[PDB]
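Here's the structure we're looking at; comments come further down.
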Amino acid sequence: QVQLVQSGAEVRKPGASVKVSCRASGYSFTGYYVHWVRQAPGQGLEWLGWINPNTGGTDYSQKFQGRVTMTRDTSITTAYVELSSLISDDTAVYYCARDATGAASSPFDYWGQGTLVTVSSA
Amino acid sequence: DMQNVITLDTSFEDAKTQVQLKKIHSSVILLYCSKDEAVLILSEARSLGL
Amino acid sequence: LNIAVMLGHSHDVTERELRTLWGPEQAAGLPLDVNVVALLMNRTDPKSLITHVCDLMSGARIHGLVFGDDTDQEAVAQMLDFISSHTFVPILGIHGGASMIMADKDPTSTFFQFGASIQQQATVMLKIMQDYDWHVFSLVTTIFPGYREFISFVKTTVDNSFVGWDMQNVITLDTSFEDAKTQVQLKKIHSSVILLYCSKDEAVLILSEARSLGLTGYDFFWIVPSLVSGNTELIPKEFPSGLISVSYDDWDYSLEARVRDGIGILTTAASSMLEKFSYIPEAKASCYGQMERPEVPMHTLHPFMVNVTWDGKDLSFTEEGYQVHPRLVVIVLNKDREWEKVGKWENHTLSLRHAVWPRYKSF
Amino acid sequence: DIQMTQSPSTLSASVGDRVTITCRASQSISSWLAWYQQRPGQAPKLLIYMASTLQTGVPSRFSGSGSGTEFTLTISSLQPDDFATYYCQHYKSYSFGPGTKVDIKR
Amino acid sequence: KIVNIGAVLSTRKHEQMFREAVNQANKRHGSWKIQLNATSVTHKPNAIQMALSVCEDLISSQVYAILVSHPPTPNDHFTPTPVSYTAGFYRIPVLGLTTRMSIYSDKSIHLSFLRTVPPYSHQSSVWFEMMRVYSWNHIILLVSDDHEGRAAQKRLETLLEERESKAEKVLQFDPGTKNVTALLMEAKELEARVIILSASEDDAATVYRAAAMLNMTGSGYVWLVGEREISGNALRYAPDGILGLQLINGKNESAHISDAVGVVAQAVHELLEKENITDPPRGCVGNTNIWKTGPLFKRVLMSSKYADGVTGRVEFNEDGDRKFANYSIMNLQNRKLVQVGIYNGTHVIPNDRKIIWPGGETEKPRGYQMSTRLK
Amino acid sequence: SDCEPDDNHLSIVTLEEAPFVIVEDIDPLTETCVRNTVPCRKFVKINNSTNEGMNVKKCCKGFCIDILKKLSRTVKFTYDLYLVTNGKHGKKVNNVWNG
Ligand SMILES: *[C@@H]1O[C@H](CO)[C@@H](O[C@@H]2O[C@H](CO)[C@@H](O)[C@H](O)[C@H]2NC(C)=O)[C@H](O)[C@H]1NC(C)=O
Ligand SMILES: *[C@@H]1O[C@H](CO)[C@@H](O)[C@H](O)[C@H]1NC(C)=O
Ligand SMILES: *[C@@H]1O[C@H](CO)[C@@H](O)[C@H](O)[C@H]1NC(C)=O
């Protein structure tokens, strides 16, 4: 069974940088793409991007290009997403999902619990 | 040592003015034209290294 | 002992086969007469070419290949070369695609072409311009492979020549019709004789730019190499009248004459090999079936083809495969927009001319 | 990008009522549409893949059909778990629809 | 919108990983559905058979571009030239990744060949930079009688003449002669003390042995050597103090092909909306017409510039060759390659490691040597 | 308009003690100089106590002028001739050359 463990909710001031980690277990980490997708409260799903641990290639959404960074750790099989220049609109719940390598017909078979990131001055 | 007087029939012609401005060899060149025409004449001269 | 000649669909196969057979028969009969077979194809696909080569190889170990063509595609010039690097069968280029000789000769390659090298064309053009007493040049080139070597060769030739040409600064165009910097480059030249190096479409574009800039006047003379205007039947309207070019066409010769000359060269090379070594050289037994890298334990035909004389014609080849005495007929762009012969160069490597200066009519 | 329009936006129906959702794309997408079910406070759950075959283990009540630009999801008897938002997503563009949720009539 | 990509690779694991890379590159945002298709083939041992099979399989599969790498046997030559000519007949752009030989640079022979690996000739561009940092003015050249050596010599001479400077002399030797002692002996009677070598591995070993037996490896001499002439049996006879060039991840086929597939996909995406598009010929047999969109695709590939690859920035030269490649200048210490300097283009940056010189000298020598024996 | 600084102007210093330079004063008539001479500029001292000097123009002519005119065909750059008031040839006094 695919198991994904995410970090706790974080509150960051605007203009700072936030890092979110997602540990994967129960499956071949290198043989599956890890996808990061964010969702705003009361809004539709916003696809951030994906990364293949086997090759290290990363694909980012055009909206977040230039600020988002995605890394993978094969030794511990953990995905990391770093976002800089935080704004108030970045307050959202982030999810890591698994995708089959070489298959383009099974999007997001498994979903993580999600991590809430709040960017506010309160 | 005045050379041949060379005049341009039309402004921004860019068809025959090249050889006309090439034929001159003097270090001093006079002008008689409008300011808008002078702009393009000086641009062509810059393109001709004058 | 065996020769295969491949021709296009221009003429009948049987008559060409008969004339190729009776060529060596009527002049300097070989002690070991070579049987000549003929092949005809309307296509020059690489798969078709390799299949035909293998079929000829199955034809009792064809010693020499004579390849003609009806198209003007130059890529086949490389395609034969690779074959010549593995089948170990000497190949002679005839009128058609094989005419364009621009690829470097591999040391293991036995491919030779009847065309003239670009260096020879440059020498002929500079000799012609010397005959016209034009001692000022302007080298206008573009980004195209091999042109840097030609620029270096012509610059070195002018440097060590006693003519003392006023060779101005060489100017090259980075891009075709840039409309940003090419105008300044074309305006920087103030001479009357321009040597162009570009493709036919690029030649049309640069001539249009020159006409827009008035660089194609009565006193401006244009001399163009062979590769730009290789196809004489295609005359774009942008070519100025009186343009001088060089080529090697059938104005004074014929395809049958060329293939006869090639077969004569092959027979003379075979005779020279026999006069020194009794054993007849042989190529690979199979087309592609092998377990080791191809090699030639026996002697190659290169040493035996350096000094060759056939019916009084010095059709020898240099160490790089270039003809020692190429034809390289010099033609001009007639006022009626047509190509007519105005000079020949095969006469002891000496330029000739019909003394017709006023060909640069204002048309 | 492909724009997804869902009708009705919100259907205030009761338990067991027939629910019909129509999703239309801006251009032709053949049959590359995925239907997901999402509940508030929970991650979306895949129900139909390729716009014609339901996900394994999904209830037989759901019926997906359509082609070209128009697709339809039908529920004969809505249950308490069926009171959730439904999304149609184009895989080739990763565009999600507005979402069709069943609301309590008031 | 269907575009197929052909591959001519060495090992099956590389084929699988590059198929996975193509699958990743299929969507990459923007692209729609099945715009990319993956085809691959092995290296047929016979060159003629390989040329036949690449047309029978790749060209027959409507390939817009062909990916070819070095053969699995580096010691054997096994050049991909047979696959370059056939695809060159139809102006099909072939993409080399590990063929460093300086024969494909001349595009008059290979009409539609593009490589992301810099050739040996570009290494000459590095050498002049090595002359800038250490103030080398007098220098001598040794070149093997080969087209690659001649091209490297021409590049070096042009780059040196750009600064209005000339090398002391250049010695041309055939690739395989053993009695090279005369060339070294006549080179000893020169003011310059730094030699740049461009030859094969066996020729490099022969020159090393000749220098060892002629006491030319002592203090004062500088031996700037390229990539091909240091690796292999050269290390058997290479004395200490060799300043060798190496390509950073140049032998890494995986990274080069992973960058090349992305570059080709981006070029195809750009080309599919430029102008009128003509499909490539369906098969080699029964088609003698060149691809009309072939030259346009080649121009798009040469004009492409993307830094998304793992090997850093990707830029093509005016002749369609790698530009701004990361080189490593190693200094041979105790017959061990130690990374001493880096070359990210334009300038060369050394490191804290001290450079040793032939003859055991730890101080930088001077190329000038006033012999005072004026004949 | 185009960024291309060039050192076309060349500063030339000449002396008038040898017959090779026969520079004369500017005449008020004709062209202020003959058509076979070159322009020369000199700061002429007005008083012994005051170093103020006006840049007066003269017509430099002689063998050196002809040599410069002949060399202008190859040099292709203009010549700006000047005269040094402090010393003719100079000498290394206190490691300072003059003239
Ligand atoms: C897409 O690529 C596949 C292979 O990756 C192609 O399948 C091959 O098709 C050719 C002829 O079409 C056959 O000779 C081969 O046997 C097929 N491969 C296999 C493994 O069976 C397919 O044709 C390509 N599709 C398009 C539209 O180009
Ligand atoms: C190529 O480089 C990648 C990372 O840069 C590495 O994982 C891989 O092992 C390398 N391959 C070779 C053959 O060196
Ligand atoms: C190479 O690196 C140096 C060091 O920072 C830098 O100054 C130079 O611009 C770089 N050149 C290229 C072509 O990247």
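Residue numbers (our numbering), protein chains in the order written: chain E, 2 to 123; chain A, 748 to 797; chain B, 6 to 368; chain U, 16 to 121; chain Y, 482 to 856; chain S, 107 to 205.
Beta carbons are placed, not taken as given, at the ideal position from N, Cα and C, and that holds for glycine.
- Query: Within 7 Å (strictly less), CB to CB, does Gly58(E) reach chain Y?
  - Reply: Residue contact check for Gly58(E) against chain Y: a CB pair falls below 7 Å.
- Inter-residue Cα distance where the pair is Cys765(Y) and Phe65(E): Between the alpha carbons of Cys765(Y) and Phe65(E) lies a gap of roughly 46 Å.
- Query: Whose Cβ in chain Y lies nearer than 8 Å to the Cβ of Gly120(B)?
  - Reply: Below the 8 Å Cβ cutoff, chain Y contributes no neighbours of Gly120(B), its closest Cβ being approximately 13 Å away.
- Task: Let me know the secondary structure DSSP gives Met697(Y) once reduced to three states.
- Result: Residue state, collapsed to three classes: coil.
- Task: Collect the residues with a C-beta less than 7 Å away from any heavy atom of ligand 3 and give them in sequence order along the chain.
- Result: Checking every Cβ against the heavy atoms of ligand 3 under 7 Å gives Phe805(Y), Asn825(Y), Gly826(Y), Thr827(Y), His828(Y) and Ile830(Y).
- Task: Tell whether a beta-carbon distance below 7 Å holds between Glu672(Y) and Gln850(Y).
- Result: Their beta carbons are under 7 Å apart, which means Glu672(Y) touches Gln850(Y) by this criterion.
- Message: Just to confirm, is the Cβ distance from residue 427(Y) to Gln516(Y) under 7 Å?
- Response: Only positions 482 to 856 of chain Y appear in this structure, which leaves residue 427(Y) out of reach.
- Query: Looking at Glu214(B) and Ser181(B), is the spacing between their C-beta atoms short of 7 Å?
  - Reply: Taking 7 Å as the Cβ cut-off, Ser181(B) and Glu214(B) do not qualify as a contacting pair.
- Query: Looking only at its own chain, which residues have a Cβ that is under 7 Å from the Cβ of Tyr64(U), when we skip the five neighbours before and after it?
  - Reply: The beta carbon of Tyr64(U) lies closer than 7 Å to those of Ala49 and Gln70 in the same chain, with the five residues before and after it left out.
- Message: Is it the case that the stretch 711 to 729 of chain Y contacts the stretch 102 to 120 of chain U, given that we only count it when at least three CB pairs across the two stretches are under 8 Å?
- Response: Counting Cβ pairs under 8 Å, fewer than three are found: no touch.
- Task: With a 10 Å radius around its C-beta and 16 neighbouring C-beta atoms as the bar for buried, classify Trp362(B) as buried or exposed.
- Result: Exposed, since its Cβ has fewer than 16 Cβ neighbours within 10 Å.
- Between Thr774(Y) and the rest of its own chain, which residues show a CB-CB distance below 7 Å, the 5 nearest in sequence each way excluded? The residues are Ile758 and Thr759.
- Message: Does the distance between the C-beta of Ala488(Y) and the nearest non-hydrogen atom of ligand 1 fall short of 6 Å?
- Response: Not so, every heavy atom of ligand 1 lies at least 6 Å from the Cβ.
- What is the rounded straight-line gap between the Cα of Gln94(U) and the Cα of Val34(U)? Their Cα atoms are separated by approximately 11 Å.
- Message: Can you give me the C-alpha to C-alpha distance between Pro286(B) and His68(B), rounded to a whole angstrom?
- Response: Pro286(B) and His68(B): Cα-Cα distance of roughly 8 Å.
- Rounded C-alpha distance that separates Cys166(S) from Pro111(S): Between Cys166(S) and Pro111(S), the C-alpha separation is close to 29 Å.
- Which residues are close to ligand 2, meaning CB closer than 7 Å to any heavy atom, in chain order? Listed by position in the chain, the residues whose beta carbon lies within less than 7 Å of some heavy atom of ligand 2 are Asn730(Y), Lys732(Y), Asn733(Y), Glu734(Y), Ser735(Y), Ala736(Y) and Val791(Y).
- Task: Starting from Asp113(S), find everything on chain A with Cβ-Cβ shorter than 8 Å and list it in chain order.
- Result: Neighbours of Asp113(S) in chain A, taken as residues whose beta carbon is under 8 Å from its own, are absent, since the nearest beta carbon is some 16 Å off.
- Proximal residues to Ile152(S) (C-beta, below 6 Å), its chain only, five neighbours per side dropped: These residues qualify, in order along the chain: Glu158.
- Query: Taking DSSP as the reference, what is the three-state secondary structure of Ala275(B)?
  - Reply: DSSP, read as helix, strand or coil, puts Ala275(B) in helix.
- Task: Measure the C-alpha to C-alpha separation of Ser246(B) and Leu70(B) and round it to an integer number of angstroms.
- Result: When rounded, the distance between both Cα atoms is 41 Å.
- Query: Closest to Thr567(Y) by CA distance: which of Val94(B), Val81(B) and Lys340(B) is it?
  - Reply: When only C-alpha atoms are compared, the closest one is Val81(B).
- Query: Hey, does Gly801(Y) have any beta-carbon neighbour from chain B nearer than 7 Å?
  - Reply: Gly801(Y) does not count as touching chain B.
- Just mark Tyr101(U) as buried or exposed, buried being the case when its beta carbon has 16 or more other beta carbons within 10 Å. A buried status is given to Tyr101(U), since no fewer than 16 other beta-carbon atoms sit within 10 Å of its beta-carbon.
- Message: Comparing C-alpha positions only, which one of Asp684(Y), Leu724(Y), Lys588(Y) and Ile771(Y) sits nearest to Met783(Y)?
- Response: Of the candidates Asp684(Y), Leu724(Y), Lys588(Y) and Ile771(Y), the one whose C-alpha sits nearest the C-alpha of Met783(Y) is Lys588(Y).
- Name, in chain order, the residues that DSSP records as bridge partners for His105(U). For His105(U), which the question treats as bridged, DSSP gives the partners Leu48(U) and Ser110(U).
- For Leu533(Y), does the three-state DSSP call read helix, strand or coil? Helix at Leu533(Y).
- Task: Take the Cβ of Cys23(E) as the centre, count every other Cβ of all protein chains shown within 10 Å, and call the residue buried at 16 or more, exposed below.
- Result: The residue in question, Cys23(E), is buried, as its Cβ has 16 or more Cβ neighbours within 10 Å.
- Task: Pair every Cβ in the stretch 530 to 542 of chain Y with every Cβ in the stretch 55 to 64 of chain U, then say whether three or more of these pairs are closer than 8 Å.
- Result: Of all C-beta pairs linking the stretch 530 to 542 of chain Y to the stretch 55 to 64 of chain U, fewer than three are shorter than 8 Å, placing the two stretches out of contact.
- Message: Bridge partners for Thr25(U) per DSSP, in chain order?
- Response: Answer by DSSP bridge pairing, in chain order: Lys116(U).
- Span of the alpha helix (DSSP H), counted from its first residue to its last, around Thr554(Y): Taken as a continuous stretch (DSSP letters only), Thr554(Y) belongs to no alpha helix (DSSP H), as it is neither H nor E.
- Task: Report the option in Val168(B), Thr147(B), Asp164(B) and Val163(B) whose CA atom is closest to the CA atom of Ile176(B).
- Result: Of the candidates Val168(B), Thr147(B), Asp164(B) and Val163(B), the residue whose Cα lies closest to the Cα of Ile176(B) is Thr147(B).
- Task: Identify which residue in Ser583(Y), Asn798(Y), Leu592(Y) and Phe559(Y) has its Cα closest to the Cα of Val575(Y).
- Result: Out of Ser583(Y), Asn798(Y), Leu592(Y) and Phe559(Y), the CA that lies nearest to the CA of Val575(Y) is found in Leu592(Y).
- Message: Which residues in chain A have a C-beta closer than 9 Å to the C-beta of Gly219(B)? List them in chain order.
- Response: Within 9 Å Cβ-Cβ: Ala762, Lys763, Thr764, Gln765, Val766, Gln767 and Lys769.
- Message: My output table needs one value for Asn161(S): the three-state DSSP class, helix, strand or coil.
- Response: In the structure shown, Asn161(S) sits in a strand (DSSP, three-state: E or B).
- Excluding sequence positions up to five away, which residues of its chain have a Cβ less than 6 Å from the Cβ of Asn518(Y)? Excluding sequence neighbours, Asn518(Y) sits near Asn485.
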